Structure formats: C-alpha cells, structure tokens
Protein chains: 2
Amino acid sequence: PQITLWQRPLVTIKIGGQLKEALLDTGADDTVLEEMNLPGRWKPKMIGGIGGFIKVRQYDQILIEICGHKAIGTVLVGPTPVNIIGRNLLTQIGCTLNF
Amino acid sequence: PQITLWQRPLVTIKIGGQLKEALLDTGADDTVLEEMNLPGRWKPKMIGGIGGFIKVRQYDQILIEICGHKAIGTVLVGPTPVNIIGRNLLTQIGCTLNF
Ligand SMILES: COC(=O)N[C@H](C(=O)N[C@@H](Cc1ccccc1)C[C@H](O)[C@H](Cc1ccc(-c2cccnc2)cc1)NC(=O)[C@@H](NC(=O)OC)C(C)(C)C)C(C)(C)C
C-alpha cells in the first residue's frame, strides 16, 4: 500500500501472538517496542533520541508481521511512549520513500 | 526519487541560503533543525523525543529546499542531534511511504 503522511503512519503489527499498533519510523535506526517479555536471549543496550537516552533490552532474530508482511530481526524493548518500527525491519518488508 | 532505507535517508536541504544535510523522518510530526539564524518572528514550543522534551524555537512560513522540492512551513530550531524533516514538510513535497 501507499501511506500518505497527513497523519502519523500507524499500522497493525503481530508479534508473539499479540496484536499491536506501531509507528513506521524512517528516522529510527532501530525497532523499539513498549515494555514486554519476548522469548529467549537478550542484552542490555542504550539508545538515543531527542532529549535523551533510554535503557532497553535487545532481542535478536524476532519475527514481526507488519501489514501482513514477514520481517525478522533485532527488536528492542523499553520505556518508549510509542511502539516504533525502524529501518532494520522496514527494509525487510520492502519499505521505501517516494516523491 | 525513491529512497531505500538500508541507510539513514539523508537528503540535501537548503535554508536561509545554507546547504545542510537532513533526515527524512516519517516518525516525526515536526521539522526540527540544529541551531541557526532565521528571519521573522518565533514562539517557544516543547517537543518530545524518546528521552524527554526539548525547548525549541518555532519559526513560521520558512522557505526550505528539500531534495529539490520547495516547502514553506513551520521549522523548529533547537538542541537536536540531527536535522529532521518531519511530516509537516514531507506532505508538502508529496512524499509517501510505499511497500
Ligand atoms: C540512532 O538514533 C535513532 O535512530 N534514534 C531513534 C530516534 O529517537 N529517532 C529520532 C531521530 C533521532 C536520531 C538520532 C538522535 C536523535 C533523534 C526521531 C524519531 O522518529 C522519533 C520517534 C518518536 C516519536 C514520538 C515520540 C513521542 C514523544 C512524546 C509523546 N508521544 C510520542 C517519541 C519518539 N521522533 C521524534 O523524536 C519526534 N517526535 C514526535 O513527532 O513526537 C510527536 C520529533 C521530536 C523529532 C518531532 C530511536 C527511535 C531508535 C530511539
């Protein structure tokens, strides 16, 4: 589909059974979701955005379905006021900017 | 053009007769640029990132060349670690997310 930008580019995502809302974010290197458990191994990481850094949990080789599109990769979990789909997974569903 | 996301979407912008590099950010409501001079009046505004809020200066109806496309709207200026083009201007230049 083609998503215009008059509104926030929010879509539905499925991860580990649960359905969630998430922002398709081209200004994000990383994918970061609201605090939750994910199966298996994780590492502490620090990420930086506007107005500071937050401490998160890095989970590798995680599957998320985004608008009925398979995408596997690193998923960060932490105190984010919004679920953020970053480039690492956007590339995986063939997401591009056009104008 | 069609910009892929295997790398930070960094385009050439022109503002106040200065060439800068800026990030095409779908996950940003606003356009935030690093400290610089701009003509006209400004208001104060708070904006929130991942880490917290920052104090920025709101300038209205500022001309800005984004990847060879004219936009005239609200530009925020303040302590941001990256030049961000947000949805207010991305819509102006007819930019869309596609996949
Ligand atoms: C390497 O740095 C990153 O890629 N950092 C990303 C990051 O923070 N990416 C930044 C760009 C960057 C890069 C390097 C260094 C500083 C910045 C812009 C993102 O795309 C964010 C998303 C967001 C949206 C919304 C909110 C939020 C906050 C409060 C309430 N509700 C929602 C909070 C975060 N928009 C923002 O930070 C924009 N925020 C926004 O639109 O809020 C409405 C802003 C401030 C640029 C206009 C991150 C998401 C992986 C952490």
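Bear in mind that the values in this text are calculations on the coordinates, not laboratory data. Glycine also receives a Cβ, built like all others from the backbone with ideal geometry; neighbour counts cover every protein chain displayed.
Below are the figures for this structure:
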{"quantity": "Calculated P(r) of chain B - Cα pairs past 24 Å, %", "calculated": "17 percent"}
{"quantity": "Cα centroid separation, segment B:25-96 to segment A:14-69 (Å)", "calculated": "26 Å"}
{"quantity": "Furthest towards positive pole of dipole, A:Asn37, A:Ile15, A:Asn88, structure part chain A, Cβ charges", "calculated": "A:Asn37"}
{"quantity": "Above-threshold pairs, the threshold being 32 Å between Cα atoms, out of A:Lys55/B:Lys55; B:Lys20/B:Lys45; A:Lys43/B:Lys14; A:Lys14/A:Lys43; A:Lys55/B:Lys14", "calculated": "A:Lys43/B:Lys14; A:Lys55/B:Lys14"}
{"quantity": "Cα-projected label distance for B:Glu35 with A:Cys67, points at 7 Å along beta-carbon direction, nm", "calculated": "3.9 nm"}
{"quantity": "Coarse-grained scattering of the protein assembly as shown at q = 0.12, 0.16, 0.18 Å⁻¹, given as base-10 log I(q)/I(0) from a Debye sum over alpha-carbon atoms", "calculated": "-0.60, -1.01, -1.23"}
{"quantity": "Label point 7 Å beyond Cα along the C-beta direction, distances from B:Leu19 to other copies (nm, shortest first)", "calculated": "5.0"}
{"quantity": "Average partner coverage of A:48-59, which counts Cβ from other chains inside 10 Å", "calculated": "5"}
{"quantity": "Expected 222 nm ellipticity per residue - DSSP helices of 4 or more, -39500 (n - 2.57), all of chain B, to 500", "calculated": "-500 deg cm²/dmol"}
{"quantity": "Protection proxy ranking, peptides B:54-60, A:14-20, average beta carbon neighbours within 10 Å, highest first", "calculated": "B:54-60, A:14-20"}
